[PDB]
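Below is one structure, written out as C-alpha cells; comments come after it.
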Amino acid sequence: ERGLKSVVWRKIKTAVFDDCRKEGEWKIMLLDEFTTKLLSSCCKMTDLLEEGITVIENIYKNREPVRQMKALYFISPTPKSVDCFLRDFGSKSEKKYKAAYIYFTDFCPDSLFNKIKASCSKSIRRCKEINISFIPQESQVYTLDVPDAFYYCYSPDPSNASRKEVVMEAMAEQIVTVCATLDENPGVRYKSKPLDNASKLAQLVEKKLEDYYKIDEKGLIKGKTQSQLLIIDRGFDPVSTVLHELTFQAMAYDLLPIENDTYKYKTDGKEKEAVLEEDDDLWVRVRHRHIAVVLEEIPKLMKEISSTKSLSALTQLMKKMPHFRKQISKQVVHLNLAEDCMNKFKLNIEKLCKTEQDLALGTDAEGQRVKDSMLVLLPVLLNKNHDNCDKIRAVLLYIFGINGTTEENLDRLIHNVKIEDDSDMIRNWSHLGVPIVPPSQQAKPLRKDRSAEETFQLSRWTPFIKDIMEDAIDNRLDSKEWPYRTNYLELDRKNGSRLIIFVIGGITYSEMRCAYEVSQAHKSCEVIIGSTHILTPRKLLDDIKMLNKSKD
Amino acid sequence: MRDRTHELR
C-alpha cells in the first residue's frame, strides 16, 4: 500500500471502472498514448478483466464497430484523442458501440467539449474528468507528460517565450492533479535560487489549486492540509546530474542503454529483454543499493543448489524447485545487467570515479581543502580509453567546483581537449542559472556537515535535495530562500504528513534514492519527488545543448 | 467541473 502506483490505481478503479461497472456485463476500453502509459504503469493489463474490461484498443487506430458492447473511453483532453472519439459518434454519425463512457485524465476545454456535446449523442451516457495527469514511475516518484518542457523552459529568448508559458501552465495544472490524487492541498513554497522559474511556477500552482477544490466534486479536501509542496529549479544542483553515480539504478540507466526501463539481452539465444519495474520486487530491493553491496546480498550462490544433493523431504525439494525455477530465472537477469555494468566499471568507470568524487566534493579522498583542483582533473585525459561524454562531464564538475571560471581558460579546454563540436554542452549551462563565465555568483549555498560514514569512499557525494528534504522535515529552512457530542470540525483522514518535491528540468536517479532513503530513515512523512522527466547524464547534455537553437 | 455528464444534456 501507499506505493504511488497503488494510490493511482485505487483512484482509477473507483473513479472510472467502478463508476460505469455493471456486474453482469463487460465492455470495451479505449486508450490514447498517455492513458496507455498510465495504465501500464500501475497494473498488469490482465487485472482489467476483474474490472469489467474484456478488450482494450488504441483509440487512434481505426476500429471495427461493435454495436452490442458499451465503450469506455479513458483518454486525455487532447484534440487528437477527442477527434478519434468524434470519429466514433460524431462524423458520419455512424455509432460504433452501444454506448460511450468518457473519462478525461484532466479538465476538458470548452473548445473540445463543445465539439463533443454538439455531436451528437445520445449514446454518451457519461463524460467525467478524474484528474490524473502524471505517471507513477515508482512507488514514490512521479513524472508528468509535458513534451519538450526542458527546452522551452530554458530557451534563450526568441519567439519561444509564448510556448514557454504554455509549458509552465501545463506543468502547473499537471502538478495539481498529483496533489488531488494524494488528496493533499499543500502549501506552495518555491526557491529563490537560479533564475526565478520556480517562483513563477509556484504562483501558477498556488493559484491553480485555489481554483481547484473550489470546484472539486469529490468533496474530500478543502483548504490547505498538513503537507508542503516545494518547487525548485534545476540550477540548484548541477553536480548530481553529472556524477557517475554508483548505486545500481542510477549507474545502469547511465552506463547501459536502458531506454524505456527495458534492458535488452543477451543473454542468451535469442536475445530477449527485461523490464525494471516494481512488479519485479527483486530489482526493488537492489535498485538503491551500492554496486558492491548489491553483489554481496543475492549473488553467489545459495549453491550447490541449497542443500542438494536420505530424503524425508524429497518430494518437498522436488516441488520447491519447480516454483524456484523463476526465482533463479529472475536473479539471473538482475545479474547479467549487473555484469554489463561491472565491466564498464572495471574497464575505466572505476578510475573515472576516483577523480570525480574528489572534485565534486573538492575535498574528498581525505584530501581536505585540496587547493589546485585542475591537478585533480588531469588524470581523466590520458585514461582515454574514454568518451567525449565522460570528458565534458569531468570538466563540468571542475567548473562547478570553482564556480564561475575565466573566459580564456575555458576556451583552451574546448580546444586542446578536443570537444570541438558538442561544445555547447558546457556553454548552455548558464541558461539554467549556473555560472559559466562570470566568476563567483551566489558564492554557493550551505549544506549539512557529516559526512559521518561513507563506505567505498567514492559515493561520498549527497544530492542537495536530501539536505533540503530534511531541512523541511526538521523545519529548519531559510524563509528568505524558501518563500511562500455536537461540535462540527471538518474530518478527517487519511493521507497525513507528505513532502511533495518537484524539480524543474528533470530529476536524477540518484536524487530518487533521496526520496526513499529519507522517507525510509523517517516514517512520520513520505517524501515524493517528481518532474517532467528522469535524467541521464548523456540525455541531459544533449538537451542542455540545442537550447541556443530554435527548433528546427 | 469534475462531472460533465449533466452538462451534455
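The way I read the labels, and the way they are meant: chains A, B, ... in the order of the C-alpha cells, residue 1 as the first residue of every chain, and ligand 1 as the first ligand shown, with later ones counted on from there.
Residue-level contacts from chain B to chain A at 6 Å, counting only C-alpha atoms, read residues 1, 2, 3, 4, 5 and 8 of chain B.
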Restricting it to N, CA, C and O atoms, dump the selection as a CSV table (one decimal), in the first residue's frame.
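In the end it all went to selection33.csv:
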chain,number,residue,atom,x,y,z
B,1,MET,N,-15.2,22.0,-13.5
B,1,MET,CA,-16.1,20.9,-13.2
B,1,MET,C,-15.4,19.6,-13.2
B,1,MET,O,-14.3,19.4,-13.7
B,2,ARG,N,-16.0,18.6,-12.5
B,2,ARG,CA,-15.4,17.3,-12.4
B,2,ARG,C,-16.3,16.2,-13.1
B,2,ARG,O,-15.8,15.1,-13.5
B,3,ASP,N,-17.6,16.4,-13.1
B,3,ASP,CA,-18.5,15.5,-13.8
B,3,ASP,C,-19.4,16.3,-14.8
B,3,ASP,O,-20.3,17.0,-14.3
B,4,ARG,N,-19.2,16.2,-16.1
B,4,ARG,CA,-19.8,17.0,-17.1
B,4,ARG,C,-21.0,16.3,-17.7
B,4,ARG,O,-21.7,16.9,-18.6
B,5,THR,N,-21.3,15.1,-17.3
B,5,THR,CA,-22.4,14.3,-17.9
B,5,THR,C,-23.7,15.1,-18.0
B,5,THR,O,-24.2,15.2,-19.1
B,8,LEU,N,-23.8,17.7,-20.8
B,8,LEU,CA,-24.0,17.2,-22.1
B,8,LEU,C,-25.5,17.5,-22.5
B,8,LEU,O,-25.7,18.1,-23.6
Write out as a PyMOL selection string each polymer residue whose atoms come within 8 Å of stretch 22-26 of chain A, counting only C-alpha atoms; drop sequence neighbours fewer than 3 positions from it. chain A and resi 52-54+69-70
Since we have the selection now, will you write its residues out, keeping N, CA and C atoms, as an mmCIF file, in the first residue's frame?
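What follows is the written file result34.cif:
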data_model
loop_
_atom_site.group_PDB
_atom_site.id
_atom_site.type_symbol
_atom_site.label_atom_id
_atom_site.label_comp_id
_atom_site.auth_asym_id
_atom_site.auth_seq_id
_atom_site.Cartn_x
_atom_site.Cartn_y
_atom_site.Cartn_z
ATOM 1 N N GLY A 52 -14.253 -5.181 -15.447
ATOM 2 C CA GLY A 52 -15.275 -5.017 -16.464
ATOM 3 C C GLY A 52 -14.731 -4.742 -17.852
ATOM 4 N N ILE A 53 -13.442 -5.000 -18.045
ATOM 5 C CA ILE A 53 -12.810 -4.782 -19.340
ATOM 6 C C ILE A 53 -12.379 -6.102 -19.971
ATOM 7 N N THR A 54 -12.951 -6.414 -21.128
ATOM 8 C CA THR A 54 -12.617 -7.644 -21.837
ATOM 9 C C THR A 54 -11.679 -7.367 -23.008
ATOM 10 N N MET A 69 -21.642 -3.980 -27.573
ATOM 11 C CA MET A 69 -20.894 -3.675 -26.359
ATOM 12 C C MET A 69 -20.852 -2.178 -26.083
ATOM 13 N N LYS A 70 -20.783 -1.821 -24.805
ATOM 14 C CA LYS A 70 -20.591 -0.435 -24.407
ATOM 15 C C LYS A 70 -19.101 -0.101 -24.472
#
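You will find atom CA of residue A:140 at 27.0 Å from atom CA of residue A:299.
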Atomic separation - atom CA of residue A:551 relative to atom CA of residue A:203, Å: 28.4 Å
As an exercise, work out the distance from atom CA of residue A:187 to atom CA of residue A:229 in Å and give it to one decimal place. 5.7 Å
Extract, using only C-alpha atoms, all DNA, RNA and protein residues at most 12 Å from residue A:327, discarding same-chain residues fewer than 3 positions from it, and format them as a list in words. residues 280, 281, 282, 283, 298, 302, 320, 321, 322, 323, 324, 330, 331, 332, 333 and 334 of chain A
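Residues within 8 Å of stretch 546-549 of chain A, counting only C-alpha atoms and excluding same-chain residues fewer than 5 positions away, are residues 151, 154, 155, 156, 424 and 428 of chain A.
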Quick one: which stretch 173-252 of chain A residues come within 12 Å of stretch 260-266 of chain A, and what is the nearest atom pair for each with the distance in Å to one decimal, counting only C-alpha atoms, rows ordered by chain and ascending number, as CSV?
residue,atom,partner,partner_atom,distance
A:249,CA,A:261,CA,10.3
A:250,CA,A:261,CA,12.0
A:252,CA,A:263,CA,9.1
Selection from above, C-alpha atoms, as a tab-separated table (two decimals), in the first residue's frame, can you write it?
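Result written to out-v9.tsv:
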chain	number	residue	atom	x	y	z
A	249	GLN	CA	19.73	2.09	-10.69
A	250	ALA	CA	21.49	5.43	-11.23
A	252	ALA	CA	22.56	1.33	-15.01
Using DSSP on the backbone coordinates, identify all residues within chain B classified as helix (DSSP H, G or I); present the result as a list in words. residues 5, 6, 7 and 8 of chain B
I need the chosen residues saved as a short mmCIF file (atom, residue, chain, number, x, y, z; two decimals), in the first residue's frame, with N, CA, C and O atoms.
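Contents of part.cif, as written:
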data_model
loop_
_atom_site.label_atom_id
_atom_site.label_comp_id
_atom_site.auth_asym_id
_atom_site.auth_seq_id
_atom_site.Cartn_x
_atom_site.Cartn_y
_atom_site.Cartn_z
N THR B 5 -21.31 15.07 -17.30
CA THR B 5 -22.39 14.29 -17.90
C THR B 5 -23.67 15.12 -18.03
O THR B 5 -24.24 15.24 -19.12
N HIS B 6 -24.12 15.67 -16.91
CA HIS B 6 -25.32 16.50 -16.89
C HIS B 6 -25.22 17.63 -17.91
O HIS B 6 -26.21 18.00 -18.54
N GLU B 7 -24.01 18.16 -18.07
CA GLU B 7 -23.79 19.31 -18.94
C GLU B 7 -23.98 18.97 -20.42
O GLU B 7 -24.28 19.84 -21.23
N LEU B 8 -23.80 17.70 -20.76
CA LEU B 8 -24.02 17.25 -22.13
C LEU B 8 -25.46 17.50 -22.54
O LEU B 8 -25.73 18.12 -23.57
#
Can you tell me which residues surround residue A:177 at a distance of at most 8 Å, considering only C-alpha atoms, apart from same-chain residues fewer than 4 positions away, and format the answer as a PyMOL selection string? chain A and resi 106+131-134+173+181
Save out the residues we just selected, N, CA and C atoms, as a JSON list (two decimals), in the first residue's frame.
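Below is the file that was written, out_12.json:
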[["chain", "number", "residue", "atom", "x", "y", "z"],
["A", 106, "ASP", "N", -7.88, 14.71, -17.41],
["A", 106, "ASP", "CA", -7.76, 16.06, -16.88],
["A", 106, "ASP", "C", -8.93, 16.92, -17.35],
["A", 131, "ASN", "N", -8.94, 13.73, -13.27],
["A", 131, "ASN", "CA", -7.76, 14.48, -12.85],
["A", 131, "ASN", "C", -6.60, 13.59, -12.43],
["A", 132, "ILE", "N", -6.04, 12.87, -13.40],
["A", 132, "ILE", "CA", -4.79, 12.13, -13.23],
["A", 132, "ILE", "C", -3.93, 12.37, -14.46],
["A", 133, "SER", "N", -2.99, 13.31, -14.35],
["A", 133, "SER", "CA", -2.17, 13.66, -15.50],
["A", 133, "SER", "C", -0.68, 13.45, -15.21],
["A", 134, "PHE", "N", -0.37, 12.39, -14.46],
["A", 134, "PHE", "CA", 1.02, 12.07, -14.15],
["A", 134, "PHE", "C", 1.26, 10.57, -14.18],
["A", 173, "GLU", "N", -0.82, 22.81, -13.83],
["A", 173, "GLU", "CA", -2.07, 22.06, -13.74],
["A", 173, "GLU", "C", -1.84, 20.55, -13.66],
["A", 181, "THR", "N", -4.68, 13.67, -6.28],
["A", 181, "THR", "CA", -4.71, 12.21, -6.19],
["A", 181, "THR", "C", -4.25, 11.74, -4.81]]
Excluding same-chain residues fewer than 6 positions from residue A:393, what lies within 8 Å of it counting only C-alpha atoms, as a PyMOL selection string? chain A and resi 242-243+537
Check the smallest atom-to-atom distance from each of A:16, A:375, A:38, A:48 to residue A:145 using only C-alpha atoms, then report the winner. A:38
